[PDB]
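**Student:** Chains as they are written, first to last, in full-length UniProt numbering: chain A, 1 to 374; chain B, 5 to 129, 160 to 258, 305 to 424, 571 to 856.
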Amino acid sequence: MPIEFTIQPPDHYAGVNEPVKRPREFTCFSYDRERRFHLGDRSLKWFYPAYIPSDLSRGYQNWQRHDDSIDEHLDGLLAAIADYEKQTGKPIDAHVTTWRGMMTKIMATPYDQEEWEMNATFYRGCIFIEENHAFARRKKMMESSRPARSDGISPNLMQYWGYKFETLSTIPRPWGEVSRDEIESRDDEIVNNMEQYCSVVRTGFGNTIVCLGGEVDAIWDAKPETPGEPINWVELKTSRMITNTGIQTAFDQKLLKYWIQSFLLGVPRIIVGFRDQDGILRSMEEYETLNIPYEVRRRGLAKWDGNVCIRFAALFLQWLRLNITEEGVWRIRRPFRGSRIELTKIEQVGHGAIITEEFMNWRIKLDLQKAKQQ
Amino acid sequence: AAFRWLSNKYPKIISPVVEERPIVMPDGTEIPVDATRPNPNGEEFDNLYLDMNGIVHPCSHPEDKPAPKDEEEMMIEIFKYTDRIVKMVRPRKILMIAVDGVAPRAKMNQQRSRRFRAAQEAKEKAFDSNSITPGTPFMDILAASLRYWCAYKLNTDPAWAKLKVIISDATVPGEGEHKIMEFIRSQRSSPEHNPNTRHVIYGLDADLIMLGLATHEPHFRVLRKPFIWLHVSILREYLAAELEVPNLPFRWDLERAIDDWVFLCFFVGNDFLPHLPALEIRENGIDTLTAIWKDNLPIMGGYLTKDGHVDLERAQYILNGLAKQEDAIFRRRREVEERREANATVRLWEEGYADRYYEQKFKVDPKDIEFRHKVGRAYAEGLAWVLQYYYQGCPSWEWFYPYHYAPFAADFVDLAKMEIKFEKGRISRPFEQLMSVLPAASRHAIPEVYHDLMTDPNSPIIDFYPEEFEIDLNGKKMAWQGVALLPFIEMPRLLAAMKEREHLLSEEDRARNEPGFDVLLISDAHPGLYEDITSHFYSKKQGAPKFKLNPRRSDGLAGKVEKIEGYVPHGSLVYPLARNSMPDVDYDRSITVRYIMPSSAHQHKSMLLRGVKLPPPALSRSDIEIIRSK
Ligand SMILES: [Mg+2]
Numbered sequence: 001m002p003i004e005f006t007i008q009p010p011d012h013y014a015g016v017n018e019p020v021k022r023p024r025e026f027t028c029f030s031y032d033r034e035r036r037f038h039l040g041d042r043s044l045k046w047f048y049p050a051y052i053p054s055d056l057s058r059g060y061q062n063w064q065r066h067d068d069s070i071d072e073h074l075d076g077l078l079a080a081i082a083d084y085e086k087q088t089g090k091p092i093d094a095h096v097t098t099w100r101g102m103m104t105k106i107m108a109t110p111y112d113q114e115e116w117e118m119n120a121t122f123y124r125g126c127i128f129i130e131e132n133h134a135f136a137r138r139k140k141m142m143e144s145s146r147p148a149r150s151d152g153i154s155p156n157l158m159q160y161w162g163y164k165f166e167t168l169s170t171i172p173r174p175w176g177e178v179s180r181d182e183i184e185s186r187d188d189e190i191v192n193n194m195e196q197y198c199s200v201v202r203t204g205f206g207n208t209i210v211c212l213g214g215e216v217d218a219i220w221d222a223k224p225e226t227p228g229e230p231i232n233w234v235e236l237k238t239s240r241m242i243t244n245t246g247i248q249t250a251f252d253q254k255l256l257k258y259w260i261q262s263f264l265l266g267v268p269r270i271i272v273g274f275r276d277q278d279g280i281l282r283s284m285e286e287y288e289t290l291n292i293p294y295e296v297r298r299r300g301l302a303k304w305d306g307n308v309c310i311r312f313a314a315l316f317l318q319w320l321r322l323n324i325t326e327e328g329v330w331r332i333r334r335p336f337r338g339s340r341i342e343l344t345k346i347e348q349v350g351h352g353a354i355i356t357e358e359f360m361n362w363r364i365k366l367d368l369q370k371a372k373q374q
Numbered sequence: 005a006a007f008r009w010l011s012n013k014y015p016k017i018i019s020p021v022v023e024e025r026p027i028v029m030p031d032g033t034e035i036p037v038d039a040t041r042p043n044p045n046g047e048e049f050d051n052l053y054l055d056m057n058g059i060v061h062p063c064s065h066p067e068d069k070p071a072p073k074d075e076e077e078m079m080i081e082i083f084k085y086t087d088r089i090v091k092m093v094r095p096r097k098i099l100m101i102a103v104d105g106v107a108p109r110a111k112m113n114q115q116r117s118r119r120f121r122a123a124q125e126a127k128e129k160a161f162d163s164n165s166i167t168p169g170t171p172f173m174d175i176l177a178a179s180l181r182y183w184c185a186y187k188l189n190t191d192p193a194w195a196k197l198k199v200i201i202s203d204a205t206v207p208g209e210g211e212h213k214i215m216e217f218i219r220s221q222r223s224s225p226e227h228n229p230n231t232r233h234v235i236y237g238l239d240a241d242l243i244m245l246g247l248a249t250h251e252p253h254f255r256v257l258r305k306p307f308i309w310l311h312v313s314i315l316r317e318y319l320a321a322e323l324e325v326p327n328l329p330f331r332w333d334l335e336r337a338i339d340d341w342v343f344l345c346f347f348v349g350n351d352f353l354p355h356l357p358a359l360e361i362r363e364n365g366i367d368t369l370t371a372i373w374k375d376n377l378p379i380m381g382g383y384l385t386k387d388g389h390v391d392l393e394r395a396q397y398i399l400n401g402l403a404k405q406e407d408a409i410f411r412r413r414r415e416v417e418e419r420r421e422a423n424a571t572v573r574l575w576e577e578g579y580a581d582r583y584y585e586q587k588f589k590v591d592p593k594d595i596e597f598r599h600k601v602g603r604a605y606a607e608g609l610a611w612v613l614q615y616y617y618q619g620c621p622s623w624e625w626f627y628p629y630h631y632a633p634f635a636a637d638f639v640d641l642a643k644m645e646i647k648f649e650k651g652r653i654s655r656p657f658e659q660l661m662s663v664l665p666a667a668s669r670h671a672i673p674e675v676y677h678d679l680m681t682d683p684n685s686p687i688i689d690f691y692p693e694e695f696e697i698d699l700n701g702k703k704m705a706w707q708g709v710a711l712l713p714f715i716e717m718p719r720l721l722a723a724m725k726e727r728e729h730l731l732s733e734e735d736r737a738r739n740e741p742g743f744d745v746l747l748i749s750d751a752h753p754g755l756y757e758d759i760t761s762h763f764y765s766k767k768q769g770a771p772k773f774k775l776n777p778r779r780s781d782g783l784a785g786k787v788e789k790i791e792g793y794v795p796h797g798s799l800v801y802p803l804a805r806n807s808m809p810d811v812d813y814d815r816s817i818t819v820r821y822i823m824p825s826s827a828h829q830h831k832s833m834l835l836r837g838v839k840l841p842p843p844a845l846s847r848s849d850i851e852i853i854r855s856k
């Protein structure tokens, strides 16, 4: 028989305030413009705002793209954790490890109708999760095979109107150290999205403790003097101007995923840029990650509440910890408008490519150190 | 003149201070005003800065009192006035007391030109007001008295319990306003500085509002019987309406327009240079230059100033636009003056006027044209020095402008061809200031070993100390409006004459001539910084004697602090003067450290910080359309 988890209506999970253990950054890593991995914060940027009227379509022909046909699995996240374990002389206490994107798709599942598919594996009492890259690529081939809209807006142009706004809105050092010309000239810098800062956080829902990796765009000031204190991160986003309440509905539905995505890494502030339908930037606004659900609740135009997502994630993670107990690879799938998540064991032994041999060799060395210490 | 101009052009920038006054009891005792409550002005201020020579001079020769009979009576009046300000401002996070140190040479020449007149008036016609100068016995008594009063306040006034008190007394170089501005730049450069920090400054000079604009902190306030606020935010709304021009070939940017307007104000008049013949602020010379700037901004290809540096190629357009009008401005002036004075020697309103001017004032042959251009280039170098001194700290301590008079705009030729470079120089010692800026009448203020040099006919520098000198009233009505034709100091000759001797000074006098340090004082109540200073400098686990502040633990004061030698924490606080007119305290709750600013190795920048939230419009749609129409 196949194994299945039933997605109840939100009403079934609601009204219970399941506890969340506040996110702590405990290791971090950078990608540079040429996609070399480096430990630490060398690719982090400071926020500093754009010139209000500017053309987001400017420079589209020169955009340096990360090639999503390349599959990176978990590689940077496992490496950054393995360094923290080497520095501390102990395994981390988290027993589930993943990219934030899977955590978002899980937490959105009670409300979102979209299909998603994942590969997962178990090793030495710990669980690891990734998106199925083949499913993602096939879906993106099908989406790029659709006929164009009457406005002519390419999804690729929408995605460039993403990353251009991040280059217009950042600086490579705190405001005290950059020159004037390095702020004024930014309209003419060529955009790159291979360069990233990834933050790794320890977090937990109810009884289960989880380690999340994810991208963070920028910081508002300096990192704090000692670990584990709240950090003034910023997330930067773009969307069309809210010209009428029909757009406000779609925006207040986007805010569910924005809130989850910034909540899971403790990012306190979102800054949103609004384009017109040709691509000119027209305004910017500030939102606080604690208050987004409260504002959407107060407008009442969209019907979601994060306590459902949190408890659904806790129950689902616990259900994975009950059903998955041995090595090999499992596939998790959510059919389009499907009322049940599907689970199946697809490979009997090993990890496919979800885990590096370097990570296996490090954990083997660490368990040999536990035996030698005892 | 500057205030009468500002009040009449920009009246909405003013509002009266909300003052809460002490209760006086039936026995004549005073109940102190509890400053732990919210400020009654309806807005809360993080930082207060005192330009302390806005108090010390008034106390020594007041308009509305008899003068104090002795130095202790003067210090008590200084405390009464200083306490009254803090009670109405109630600063939550920093109080800074700045006292004038040794000044740059370009300022010393203006002080010399003031003090020789005061001495010749007293000679033609008790406490000598020249005693208020770095390195006198009086400034030593003040420098001790202020540290006592701050320590005593940190023991006995609950509103100061979380306050940092920063003192920069007369032993530390720079004038008070030019100390305070460097502290504000130091904080803006820090990565954790709150962009909505609220500041107040107290002082008498009209330059403080020009400095207010030049900070680019948006919520900044200026303060000056009742008191009034000037708000920098409201003046920025006036300038944003007035300076705008459509269809420029570059991105419009308000901070650059404000800096250009600030430069055009210092061009009309400042303390360092004589003002141009074509300009007086009473004639609205700022409007004339503003009109010229708005008319050339479409074709200069950009703004006149960039972060306190001036573009001399663009400056030529402004000076050409003035030069086309000088003969009309002189005719307009003389017509109005001769008309007014009929109804109530150089002949600026007749032809050939510039040849007679250069003959009578500079004593040159009028036919030497290139001398006029040389004076022009020297004046343009002066304008470049003045702007950097306000925006980027002191650019040279030894530069000065070597003439009693100013050139015409018609003399400013090819400014685009100039090279401007400055050398930092040596800051003068306190006695080197005292001998530069005192006439021989006040010599009781300085060590005896130098007295001969001021009065002996055989002195190698007697020519710097004339017993009488010419004043040219220059068609003005008062000796304070005219120019004193005093000789300029050849600085190497004076320094040689004081490098000789010096071994004759007392060990106290020799010690008094050394440079000082700033100090930070705090109360034992402070919720983090007192734990840090006691644990780091005074626990048995003694750390390094220099320490870095943390902005989350210091309430956003950013910088470094240093342990003081020979000081012992928490002994008895003793009042220093003879008659015990103020209390001692048996166990001092305060502690003291040396204080160091985060150094501006970079340029500062004329920009709003990220996270600035400007106040809502004080000007109405009607006020904006009125000023655009005017
Ligand atoms: Mg972003």
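Quick reminder that beta carbons are idealized off the backbone N, C-alpha and C, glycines included.
Whose CB is closer than 7 angstroms to a heavy atom of ligand 1? List the residues in chain order.
**Tutor:** Listed by chain position, these are A:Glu-166, A:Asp-217, A:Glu-235, A:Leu-236 and A:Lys-237.
**Student:** Can you tell me where the alpha helix (DSSP H) holding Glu-77 of chain B begins and where it ends?
**Tutor:** On the second sequence, position 73 is the one that residue 77 of chain B refers to. Where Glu-77 of chain B is concerned, the enclosing alpha helix (DSSP H) stretches over 75-93.
**Student:** Checking contacts by CB at 9 angstroms: is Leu-835 of chain B closer than that to chain A?
**Tutor:** The count along the second sequence starts at 1 and reaches residue 835 of chain B at position 609. Yes - at least one Cβ of chain A is within 9 angstroms of the one on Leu-835 of chain B.
**Student:** Check the C-beta distance from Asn-132 of chain A over to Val-329 of chain A and give it rounded, since I have them as a contact under 8 angstroms.
**Tutor:** Position 132 of the first sequence, counted from the start, is the residue given in the question as residue 132 of chain A. Position 329 of the first sequence, counted from the start, is the residue given in the question as residue 329 of chain A. Not confirmed; about 10 angstroms, so no contact.
**Student:** When Cβ atoms are compared, which residues of the segment 220-241 of chain A fall closer than 9 angstroms to chain B?
**Tutor:** Listed in sequence order: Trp-220, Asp-221, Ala-222, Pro-224, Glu-225 and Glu-229.
**Student:** Return the chain-ordered list of same chain residues with a C-beta closer than 6 angstroms to the C-beta of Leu-835 of chain B, the five sequence neighbours on each side being excluded.
**Tutor:** Mapped onto the second sequence, residue 835 of chain B falls at position 609. Cβ within range, chain order: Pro-229.
**Student:** Please state the DSSP three-state secondary structure of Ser-825 of chain B.
**Tutor:** Along the second sequence, read from residue 1 onward, the residue named residue 825 of chain B stands at position 599. Correct three-state label for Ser-825 of chain B: coil.
**Student:** Take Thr-208 of chain A and list the residues in its own chain whose beta-carbon comes closer than 8 angstroms to its own, dropping the five residues that flank it on each side.
**Tutor:** The residue labelled residue 208 of chain A in the question sits at position 208 within the first sequence. Counting only Cβ-Cβ distances below 8 angstroms, and skipping sequence neighbours, we find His-95, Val-96, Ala-314, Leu-317, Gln-318 and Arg-321.
**Student:** For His-670 of chain B, which of helix, strand or coil comes out of DSSP?
**Tutor:** Here residue 670 of chain B refers to the residue found at position 444 when the second sequence is read from its first residue. Looking at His-670 of chain B - three-state DSSP - the assignment turns out to be helix.
**Student:** Considering only the alpha carbon of each residue, which of A:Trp-362, A:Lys-90 and A:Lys-303 lies closest to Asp-11 of chain A?
**Tutor:** Counting from one through the first sequence, the residue named residue 11 of chain A turns up at place 11. For the residues A:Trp-362, A:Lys-90 and A:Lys-303, the minimum Cα distance to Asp-11 of chain A belongs to A:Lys-303.
**Student:** In terms of residues, what are the limits of the beta strand (DSSP E) holding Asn-361 of chain A?
**Tutor:** Your numbering for residue 361 of chain A matches position 361 in the first sequence. Element bounds for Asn-361 of chain A: not the beta strand (DSSP E) but the alpha helix (DSSP H), 357-373.
**Student:** Just to confirm, are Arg-334 of chain A and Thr-344 of chain A a CB contact at a threshold of 9 angstroms?
**Tutor:** If you number the first sequence from 1, residue 334 of chain A lands on position 334. If you number the first sequence from 1, residue 344 of chain A lands on position 344. No, these two residues do not count as a Cβ contact at 9 angstroms.
**Student:** What are the partner residues of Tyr-197 of chain A, as DSSP defines its beta bridges?
**Tutor:** Within the first sequence, residue 197 of chain A is the residue found at index 197, counting from 1. DSSP output for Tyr-197 of chain A lists A:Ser-30 as bridge partner(s).
**Student:** Please tell me whether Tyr-48 of chain A has its Cβ less than 9 angstroms away from any Cβ of chain B.
**Tutor:** Locating residue 48 of chain A in the first sequence gives position 48, where the first residue counts as 1. Chain B contact via Cβ: present.
**Student:** Residue ranges of each alpha helix (DSSP H) run of no fewer than 4 residues wholly in the segment 704-734 of chain B, ordered along the chain?
**Tutor:** You should have 717-725.
**Student:** Over what stretch of residues does the alpha helix (DSSP H) that includes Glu-607 of chain B continue unbroken?
**Tutor:** For this step, residue 607 of chain B is matched to residue 381 along the second sequence. Here the alpha helix (DSSP H) through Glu-607 of chain B covers 595-617.
**Student:** Give the straight-line distance between the Cα atoms of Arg-96 of chain B and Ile-18 of chain B, rounded to the nearest whole angstrom.
**Tutor:** Against the second sequence, residue 96 of chain B aligns to sequence position 92. Against the second sequence, residue 18 of chain B aligns to sequence position 14. Using only the alpha carbons, I get a separation of about 23 angstroms.
**Student:** In chain order, what residues of the same chain have a beta carbon less than 8 angstroms from the beta carbon of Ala-50 of chain A, not counting five sequence neighbours either side?
**Tutor:** Counting from one through the first sequence, the residue named residue 50 of chain A turns up at place 50. Within the same chain, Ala-50 of chain A has close Cβ partners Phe-165, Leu-168, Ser-169, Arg-186, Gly-273, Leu-281 and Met-284.
**Student:** Tell me the DSSP bridge mates of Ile-270 of chain A?
**Tutor:** If you number the first sequence from 1, residue 270 of chain A lands on position 270. Note: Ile-270 of chain A sits in a beta bridge opposite A:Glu-235 and A:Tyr-287.
**Student:** At the 9 angstroms Cβ level, is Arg-42 of chain A part of the contact set with chain B, yes or no?
**Tutor:** Here the question's residue 42 of chain A lines up with position 42 in the first sequence. It does not; no Cβ of chain B falls within 9 angstroms.
**Student:** Are three or more beta carbon pairs between the segment 92-109 of chain B and the segment 201-208 of chain B nearer than 8 angstroms?
**Tutor:** Judged by Cβ distances under 8 angstroms, the segment 92-109 of chain B makes contact with the segment 201-208 of chain B, as three or more pairs qualify.
**Student:** Where do the ends of the beta strand (DSSP E) carrying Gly-213 of chain A lie?
**Tutor:** Locating residue 213 of chain A in the first sequence gives position 213, where the first residue counts as 1. Where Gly-213 of chain A is concerned, the enclosing beta strand (DSSP E) stretches over 208-215.
**Student:** Which first and last residues belong to the alpha helix (DSSP H) in which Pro-171 of chain B is found?
**Tutor:** Along the second sequence, read from residue 1 onward, the residue named residue 171 of chain B stands at position 137. First-last of the alpha helix (DSSP H) with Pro-171 of chain B: 171-190.
**Student:** Residues of the segment 211-223 of chain B with a CB closer than 7 angstroms to any CB of chain A: list them in chain order, please.
**Tutor:** Residues passing the 7 angstroms Cβ filter: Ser-223.
**Student:** Quick check: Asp-50 of chain B and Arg-232 of chain B, are their CB atoms within less than 9 angstroms of each other?
**Tutor:** In the second sequence, the residue the question calls residue 50 of chain B occupies position 46. In the second sequence, the residue the question calls residue 232 of chain B occupies position 198. A contact, by the Cβ cut-off of 9 angstroms.
**Student:** At which residues does the beta strand (DSSP E) containing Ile-3 of chain A begin and terminate?
**Tutor:** Translated into positions along the first sequence, residue 3 of chain A becomes position 3. Counting along the chain, the beta strand (DSSP E) containing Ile-3 of chain A begins and ends at 3-6.
**Student:** With a 10 Å radius around its C-beta and 16 neighbouring C-beta atoms as the bar for buried, classify residue 444 of chain A as buried or exposed.
**Tutor:** What is shown of chain A runs 1 to 374, which leaves residue 444 of chain A out entirely.
**Student:** Checking contacts by CB at 9 angstroms: is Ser-283 of chain A closer than that to chain B?
**Tutor:** Position 283 of the first sequence, counted from the first residue, corresponds to residue 283 of chain A. Not closer than 9 angstroms to any Cβ of chain B, the Cβ of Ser-283 of chain A fails to qualify, so no.
**Student:** Looking at the C-beta of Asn-776 of chain B, does it have a partner C-beta in chain A at a distance below 9 angstroms?
**Tutor:** Mapped onto the second sequence, residue 776 of chain B falls at position 550. Chain A contact via Cβ: present.
**Student:** Does the pairing of the segment 329-339 of chain B with the segment 372-386 of chain B give three or more beta-carbon distances under 8 angstroms?
**Tutor:** Contact holds: three or more Cβ-Cβ distances are below 8 angstroms.
**Student:** My assumption, with CB atoms under 8 angstroms, is that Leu-265 of chain A sits in contact with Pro-23 of chain A. Please give the rounded CB distance.
**Tutor:** The residue you call residue 265 of chain A lines up with position 265 of the first sequence. The residue you call residue 23 of chain A lines up with position 23 of the first sequence. That pair is a contact at about 6 angstroms.
**Student:** Flag this pair as yes or no: are the beta carbons of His-66 of chain A and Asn-193 of chain A separated by less than 9 angstroms?
**Tutor:** The sequence position of residue 66 of chain A within the first sequence is 66, counting from 1. The sequence position of residue 193 of chain A within the first sequence is 193, counting from 1. Going by C-beta atoms, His-66 of chain A is nearer than 9 angstroms to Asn-193 of chain A.
**Student:** Output, in chain order, the set of chain A residues within a Cβ distance shorter than 7 angstroms of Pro-225 of chain B.
**Tutor:** Within the second sequence, numbered from 1, the residue matching residue 225 of chain B stands at position 191. What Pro-225 of chain B touches in chain A: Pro-174, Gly-176, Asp-221 and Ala-222.
**Student:** Quick one: does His-828 of chain B have its CB under 9 angstroms from some CB of chain A?
**Tutor:** Numbered from 1 along the second sequence, position 602 holds the residue referred to as residue 828 of chain B. By this cut-off, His-828 of chain B is an interface position.
**Student:** Going by other Cβ atoms of all chains shown within 10 Å of its Cβ, with 16 needed for buried, is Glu-130 of chain A buried or exposed?
**Tutor:** Counting from one through the first sequence, the residue named residue 130 of chain A turns up at place 130. Buried.
**Student:** Expressed to the nearest angstrom, what Euclidean distance is found between the alpha-carbon atoms of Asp-375 of chain B and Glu-360 of chain B?
**Tutor:** Taking the second sequence and counting its residues from 1, one reaches residue 375 of chain B at position 295. Taking the second sequence and counting its residues from 1, one reaches residue 360 of chain B at position 280. Looking at the two C-alpha atoms, the distance is approximately 21 angstroms.
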